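K.L.:
According to UniProt numbering, the sequence shown holds residues 21 to 174 in order. The beta-carbon is built from N, C-alpha and C at its ideal position, and this holds for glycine as well. I'd like to ask some things about the structure below.
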Amino acid sequence: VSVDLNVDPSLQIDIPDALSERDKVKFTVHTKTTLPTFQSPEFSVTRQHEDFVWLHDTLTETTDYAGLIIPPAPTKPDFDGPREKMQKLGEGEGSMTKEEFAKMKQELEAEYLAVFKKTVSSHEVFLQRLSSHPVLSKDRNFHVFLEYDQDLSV
Ligand SMILES: [Cl-]
């Protein structure tokens with residue numbers, strides 16, 4: 021076989037759920053850790069795209085990391101494709117039967133969901149990459165990002 025094996029890793033991060041309200045995304049960032057450095061071995065916080073941008077910016081400009089490979093920022097969530105397509109669909113409502121339109125409305129909702137899912141992955145991959153870096157996983161701004169249980173913006 022050919023296989024990548026992880027045994028009792030000390031830091032695991034994922035985004036198990038997320039919420040879109042008028043195309044504004046809130047990510048649940050859930051962490052599991054066996055490390056002393058964290059207040060708790062398991063916890064979740066709520067993060068927005070700008071929080072991730074904040075974290076990436078502040079790592080990039082950390083003098084000590086200038087020789088390190090910092091994983092790329094996740095891209096800003098963008099629902100313009102699905103939204104514009106749904107608008108076009110609505111304009112064409114008269115040319116179409118009730119059940120044709122229903123079926124297509126459902127298909128475009130699925131298109132929106134696939135965009136959502138993709139931006140989730142992008143944000144999650146970034147955190148997982150940071151958790152795997154021997155130096156960056158220890159960064160205190162990263163820790164603040166994972167655990168500060170209030171609005172990181174303010
Ligand atoms: Cl957003």
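Examine ligand 2 and report whether any of its heavy atoms sits within less than 8 Å of the Cβ of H69.
P.N.:
Ligands present in the displayed structure are limited to ligand 1, and ligand 2 is not among them.
K.L.:
Which residues mark the beginning and the end of the alpha helix (DSSP H) in which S142 is found?
P.N.:
As a first step, residue 142 must be located in the sequence shown, where it is residue number 122. Where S142 is concerned, the enclosing alpha helix (DSSP H) stretches over 118-152.
K.L.:
Given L88, which residues of its chain have a CB within under 8 Å of its CB, disregarding the five upstream and five downstream residues?
P.N.:
Taking the sequence shown and counting its residues from 1, the one referred to as residue 88 is at position 68. Here the set comprises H153, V155, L156.
K.L.:
Please list, in chain order, all residues of the same chain as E62 whose beta carbon is under 6 Å from its beta carbon, the five residues on each side excluded.
P.N.:
As a first step, residue 62 must be located in the sequence shown, where it is residue number 42. For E62, where only same-chain residues beyond five positions count, the Cβ hits under 6 Å are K52.
K.L.:
Taking 8 Å as the cut-off, is the beta-carbon of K52 closer than that to any non-hydrogen atom of ligand 1?
P.N.:
Counted from its first residue, the sequence shown places residue 52 at position 32. Checking every heavy atom of ligand 1 against the Cβ of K52, none is found closer than 8 Å.
K.L.:
Let me check you understand the geometry: is the CB of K138 closer than 8 Å to at least one non-hydrogen atom of ligand 1?
P.N.:
Position 118 of the sequence shown holds residue 138. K138 Cβ: outside cutoff for every heavy atom of ligand 1.
K.L.:
If you reduce the DSSP assignment to three classes, tell me which class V174 lands in.
P.N.:
If you number the sequence shown from 1, residue 174 lands on position 154. Here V174 sits in coil by DSSP.
K.L.:
Could you tell me the boundaries of the beta strand (DSSP E) in which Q107 lies?
P.N.:
The residue you call residue 107 lines up with position 87 of the sequence shown. It is not in any beta strand (DSSP E) - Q107 instead sits in the alpha helix (DSSP H) that spans 100-111.
K.L.:
Determine contact between the region 28-43 and the region 136-153, defined as no fewer than three beta-carbon pairs at a distance below 8 Å.
P.N.:
Output reads yes: the region 136-153 touches the region 28-43.
K.L.:
Starting from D77, follow the alpha helix (DSSP H) in both directions and report where the run begins and ends.
P.N.:
For the purposes of this step, residue 77 is taken as residue 57 along the sequence shown, with counting starting at 1. For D77, the enclosing alpha helix (DSSP H) covers residues 69-80.
K.L.:
Tell me the rounded alpha-carbon separation between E167 and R103.
P.N.:
The sequence position of residue 167 within the sequence shown is 147, counting from 1. The sequence position of residue 103 within the sequence shown is 83, counting from 1. Our two residues, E167 and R103, have alpha carbons roughly 33 Å apart in a direct line.
K.L.:
Could you compute how far the alpha carbon of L75 sits from the alpha carbon of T54?
P.N.:
Position 55 of the sequence shown holds residue 75. Position 34 of the sequence shown holds residue 54. Their Cα atoms are separated by approximately 22 Å.
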